[PDB]
Amino acid sequence: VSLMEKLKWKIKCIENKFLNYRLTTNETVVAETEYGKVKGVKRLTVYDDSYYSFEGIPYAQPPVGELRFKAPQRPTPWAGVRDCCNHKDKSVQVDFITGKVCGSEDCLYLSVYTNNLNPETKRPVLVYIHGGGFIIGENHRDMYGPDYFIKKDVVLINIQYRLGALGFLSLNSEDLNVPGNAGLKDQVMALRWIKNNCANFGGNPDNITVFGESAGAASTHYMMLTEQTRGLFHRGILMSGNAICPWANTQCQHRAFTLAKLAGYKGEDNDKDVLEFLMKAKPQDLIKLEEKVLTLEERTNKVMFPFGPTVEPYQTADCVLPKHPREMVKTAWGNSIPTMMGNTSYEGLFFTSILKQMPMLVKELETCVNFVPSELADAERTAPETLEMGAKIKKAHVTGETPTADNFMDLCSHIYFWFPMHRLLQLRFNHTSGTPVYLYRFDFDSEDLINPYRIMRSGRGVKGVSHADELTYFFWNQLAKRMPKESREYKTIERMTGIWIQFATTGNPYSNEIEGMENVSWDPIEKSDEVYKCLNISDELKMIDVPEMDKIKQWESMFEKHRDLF
Ligand SMILES: *B(O)c1cc(Br)cc(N2CCCC2)c1
């Protein structure tokens, strides 16, 4: 990204540190945990609110040395008081702005926030899992500030977990104990920590809500799908993603050799020898080369990331994905806790920057064969079927006659978000307690208040509600500002945090006490529903038929002759 945003980022980083100092108080405090006592500190917000802040709480031992690529291990307990008045480093990743690798293998921490350490009642516990394609992201408050949430009486917790190769390497060989999904297992162990530790911070361990956006939504869903976590939490919110989005899973067992060879491995394709090499490599080296691992073929079949959540090739004590996520839904304990799901009104706008550098992508819409679900597509995407299935995609998204960039981004909304949501709901309904799932559609557009994701997708001046635009209304970030309390932006912040806290508290997102919601009557989806209804969140809160419904059904019709695969 341009030098100009790099210099502006540097300064906004320069501001964020002085401001972070300015909003601490000299009030320090100490909480008990099962692994030892922790020293927090009270902080302020631009809205003159205050909250206790505990950052850098380890829930696992540092996945370094021999622990790299392995499932996480219980951290080592301490006497005395561990300092938690500051945040730890982020997972090793490529900074999208600097271009350079940053972060650390020592990254397995969570941050706990609450306005009152001694509440009159035990509070609902909200656990956020950040997105970023399982390759970027942080729990640092410069991107995920708890400032909006702590206005209300809850305990908010943001976790970190290993990213990219270091989190999701997977080897076919049972001897080596790298089945995969380390990053997910970080999450499992962190949730296990929260269930055993939130009460110490004033949180009701019997009322825990896990939520995340994008890869954090996928992650939340995985945490709802895996037997490792049954009964850990009690509500789930999937923001713009779930476990069966095609970008949320990959069979990457063969990609460990390619990474090694990119890193200069000399030798043969042997799981043991590849691992021995990857074990000694510099972390920054593997992570930076990660961008080169996918073949031209993979990219063409829309494989988004080389390493990510995977179906583990052999079971272990800590295994998390023994079968395909579509399969794991069958017996998913999470099918039977209140669920809320949603997408933004223009998800695909997220790919603007990628289109800019590769406008030839738009030419893929002339037949759309490359977007047919891979499980239905033939290898060459030349079969007449594949062309007929593609025509269905084309009919649904190509509006003129030479396909456009907007058509392309409109298509992306469905292949990556709306259609996997549909498949999930339909799949889940056959295997459920009858527990309610609620839909929202985030449709609020503004540039008065943004977040860094807008810079990454080149969305400056750009209208429409992109993937991740709603994060602005949930978390403080270093590009934000104090808004007038009568502004539409400030109003959305109250609404979004309101409904999220309402749903967390009660398993039902509706409350008459949330402004703009008096005439709302928000029903969940029922198995018998022909048409999904959703709370559309704009300047007005309005229950509507999901506008994307006709296109969703159009995608579903590709499965006409292959209903078992739907
Ligand atoms: B959400 O975590 C997410 C979804 C998609 Br689809 C793509 C991404 N990327 C793309 C490049 C880094 C972030 C994230």
Side-chain angles (χ1 to χ4, degrees), residues 23-25 27-33 38 40-55 57 84 110-129 139 141 144-159 191 193-212 220 232-237 239 337-338 340 438 440 470-476 480 482-483 485 490-517:
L23 289 178
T24 78
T25 77
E27 180 177 336
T28 57
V29 73
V30 166
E32 282 226 275
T33 89
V38 294
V41 63
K42 165 163 296 166
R43 307 184 182 272
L44 318 188
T45 83
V46 289
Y47 292 109
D48 288 320
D49 295 306
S50 65
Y51 61 100
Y52 292 94
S53 183
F54 295 77
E55 304 172 276
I57 304 156
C84 292
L110 52 86
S111 288
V112 168
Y113 316 100
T114 182
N115 64 33
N116 212 306
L117 259 169
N118 212 31
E120 58 185 321
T121 180
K122 283 314 190 63
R123 297 177 166 176
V125 180
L126 287 75
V127 184
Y128 186 73
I129 310 183
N139 73 353
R141 306 183 283 97
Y144 297 99
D147 305 36
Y148 304 161
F149 274 103
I150 48 84
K151 273 178 181 290
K152 307 219 177 66
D153 295 354
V154 299
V155 172
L156 175 60
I157 301 167
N158 300 63
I159 68 174
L191 296 181
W193 183 101
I194 298 152
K195 179 70 147 171
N196 302 338
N197 290 278
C198 54
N200 307 117
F201 297 84
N204 171 19
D206 293 308
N207 199 19
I208 300 168
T209 296
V210 183
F211 64 119
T220 299
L232 266 186
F233 54 101
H234 314 104
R235 297 88 162 81
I237 315 174
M239 313 168 58
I337 67 178
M340 180 163 59
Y438 296 95
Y440 72 86
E470 86 279 39
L471 303 177
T472 300
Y473 301 96
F474 287 100
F475 304 97
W476 172 264
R482 172 177 183 141
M483 307 296 294
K485 313 216 104 167
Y490 182 86
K491 291 289 169 187
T492 309
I493 301 180
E494 283 191 322
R495 285 155 174 205
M496 300 303 304
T497 55
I499 296 164
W500 265 234
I501 289 160
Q502 176 71 15
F503 176 74
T505 300
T506 73
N508 189 328
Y510 176 82
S511 180
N512 62 36
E513 233 188 356
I514 285 148
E515 188 234 341
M517 222 192 168

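One is the number of the first residue; the rest follow in order along the sequence. As a basis for the values below, the full set of heavy atoms in this structure was taken, side chains included, without hydrogen atoms, waters or symmetry mates.
- When all heavy atoms of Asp153 and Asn115 are compared, the closest pair comes out as OD1-ND2, 3.1 Å.
- Contact record, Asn158 with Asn139: O-ND2, 3.1 Å, taken as the closest heavy-atom pair.
- One distance of note links CD1 of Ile129 with OG1 of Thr220; it measures 4.0 Å at 0.5 Å rounding.
- Listed here is the closest heavy atom pair of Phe503 and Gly236: CE2-O, 3.7 Å.
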Check against side chain to side chain donor-acceptor pair (under 3.5 Å), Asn207 and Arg123: CA-CA 8 Å; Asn207 199 19; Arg123 297 177 166 176; over 6 Å; no

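- Checked against ring pair (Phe, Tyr, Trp, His ring centres under 6.0 Å), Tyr128 has the following partners two or more places apart in sequence or in another chain: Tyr144, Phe211, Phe475.
- Here the straight-line distance linking atom OG1 of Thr114 with atom OH of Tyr52 works out to 9.0 Å at 0.5 Å rounding.
- Between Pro509 and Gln502 the shortest heavy-atom distance is O-CG, 3.6 Å.
- Contact record, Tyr51 with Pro146: CE1-CG, 3.6 Å, taken as the closest heavy-atom pair.
- Looking only at distances, a side-chain donor or acceptor of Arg235 sits under 3.5 Å from a matching main-chain atom of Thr505.
- For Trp476 and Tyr47, the distance between ring centers is not under 6.0 angstrom.
- In terms of the side-chain hydrogen bond (donor to acceptor under 3.5 Å, both in side chains) criterion, residue partners of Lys491 (sequence neighbours excluded) are, by chain and number, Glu486.
- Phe474 has its side chain within reach of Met239: a pair of non-hydrogen atoms, C-beta onward, lies under 4.5 Å apart.
- If you run ring-ring contact (aromatic ring centres under 6.0 Å, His included) between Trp500 and each of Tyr438, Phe149, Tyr440, only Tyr440 comes through.
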Evaluation steps, side chain to side chain contact (heavy atoms under 4.5 Å, CB included), between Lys195 and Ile208: CA-CA 8 Å; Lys195 179 70 147 171; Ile208 300 168; 4.0 Å; yes

From CA spacing to verdict: side chain to side chain contact (heavy atoms under 4.5 Å, CB included), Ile194, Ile159: CA-CA 10 Å; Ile194 298 152; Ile159 68 174; 4.2 Å; yes

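- Closest approach of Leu117 to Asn200, counting heavy atoms only: CD2-O, 4.4 Å.
- Looking only at side-chain heavy atoms (C-beta outward), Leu110 and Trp193 come within less than 4.5 Å of each other.
- Residues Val29 and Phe54 meet the side-chain proximity criterion, which asks for heavy atoms closer than 4.5 Å.
- Atom CG in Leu156 sits 8.5 Å away from atom CD1 in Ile501 (nearest 0.5 Å).
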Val38/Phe201 under side chain to side chain contact (heavy atoms under 4.5 Å, CB included): CA gap, chis, key distance, verdict: CA-CA 11 Å; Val38 294; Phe201 297 84; 4.0 Å; yes

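- Between the OG1 atom of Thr24 and the NZ atom of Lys42 there is a distance of 12.5 Å, given to the nearest 0.5 Å.
- Of the inter-residue distances, the one linking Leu191 atom CG with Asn196 atom CG reads 11.0 Å to the nearest 0.5 angstrom.
- To the nearest 0.5 Å, atom CD1 of residue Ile150 and atom CG of residue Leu44 are 9.5 Å apart.
- Counting heavy atoms from C-beta outward, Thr497 and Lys151 have side chains that stay 4.5 Å or more apart.
- Under the 4.0 Å criterion applied to side-chain N and carboxylate O atoms, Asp147 and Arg141 are not assigned as salt-bridge partners.
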Side chain to side chain contact (heavy atoms under 4.5 Å, CB included) between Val155 and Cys198, intermediate numbers included: CA-CA 8 Å; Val155 172; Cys198 54; 5.5 Å; no

